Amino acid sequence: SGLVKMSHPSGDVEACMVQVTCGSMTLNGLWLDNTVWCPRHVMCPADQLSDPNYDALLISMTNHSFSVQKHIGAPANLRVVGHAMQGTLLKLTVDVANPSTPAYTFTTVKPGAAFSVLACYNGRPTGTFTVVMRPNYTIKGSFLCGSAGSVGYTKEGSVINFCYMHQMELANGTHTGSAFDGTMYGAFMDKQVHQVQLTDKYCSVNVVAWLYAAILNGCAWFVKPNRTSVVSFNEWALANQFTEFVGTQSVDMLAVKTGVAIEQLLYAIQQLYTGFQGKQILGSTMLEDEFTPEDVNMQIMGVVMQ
């Protein structure tokens, strides 16, 4: 039993991290087969971060302008034999295919989806943590200068789903990056100017999952016969900065496992939003919305008598 912030084992992603140097800038990179992905502002000098001309900087670059190094486990000498820019990322081609290339895929995650983050500095993994793509297309991580290139991913069986490469920090604790198709999450720009940040929202489906996890852990004082329909909750959610609830199979297994209907937890959220009545839920006195239904189903597994 128990529920904690859990991240995938970083082992196979650790084997793909590299150090990307362009002139006097050093950032992290992702090495898959003969391709090395990295943020495109590694080309930018420190004095040009306010208004960078990425197209002119790319033209000025050559293959020798970029150096890729592999640190710690497994030594590698990499020669950049090609370079191209895709959106806000750089697509470097190297002479050596990564022998530890896992089965992988690329997906642009929706708000509310969770993924593991491998924070790296100068190509060296330094820590891992799980974040959730916020409704305002940011993430609440722990990044310092030089963490650009750190990758966000999920593990489904043996397939790694790369979905995030860190880029920038917009406010205290608030970060954002780009998907591996080059598009930045939330249409943000890799420009050091002020940008519009939308208001965050509580992920309703994750709070429901977190309450199911609490019920499954002997904490269900908040459960009452009172019910709030999905339609009525979603109208209430618009006025109270909550995401629209959309039921999935993952949430239905939790409703069946506990015997508590979704509409009961939807009502409980409306009450708990006002206050926890001095009580606690899984040691928390505030709503938790970074636990997805899929994460709860993974931490509270069990045999099912049929």
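Residue numbers here begin at 1 and follow the sequence given.
- Modelled in this chain, residue 11 is nonetheless absent from a third or more of the other compared entries whose models extend past it on both sides.
- In this entry, 192 to 200 shows the higher mean Cα temperature factor of the pair 227 to 235 and 192 to 200.
- Look at the mean CA B-factor for 88 to 96 and for 74 to 82 in the entry; the higher one is 74 to 82.
- Per the PDB record, 62 has a higher Cα B-factor than any other of 35, 280, 62, 264.
- Comparing C-alpha B-factors across 13, 287, 296, 25 in the deposited entry, the largest value falls on 25.
- Per the deposited record, the Cα B-factor of residue 245 falls in the lowest third when ranked against the other modelled residues of its chain.
- Residue 157: CA B factor in the lowest third of modelled residues in this chain (values from the PDB entry).
- Residue 255 sits in the middle third of its chain by CA B factor, as recorded in the PDB entry.
- Annotation for residue 101: C-alpha temperature factor in the middle third relative to the rest of the modelled chain, per the entry.
- Among all modelled residues in its chain, residue 141 ranks in the lowest third by Cα B-factor.
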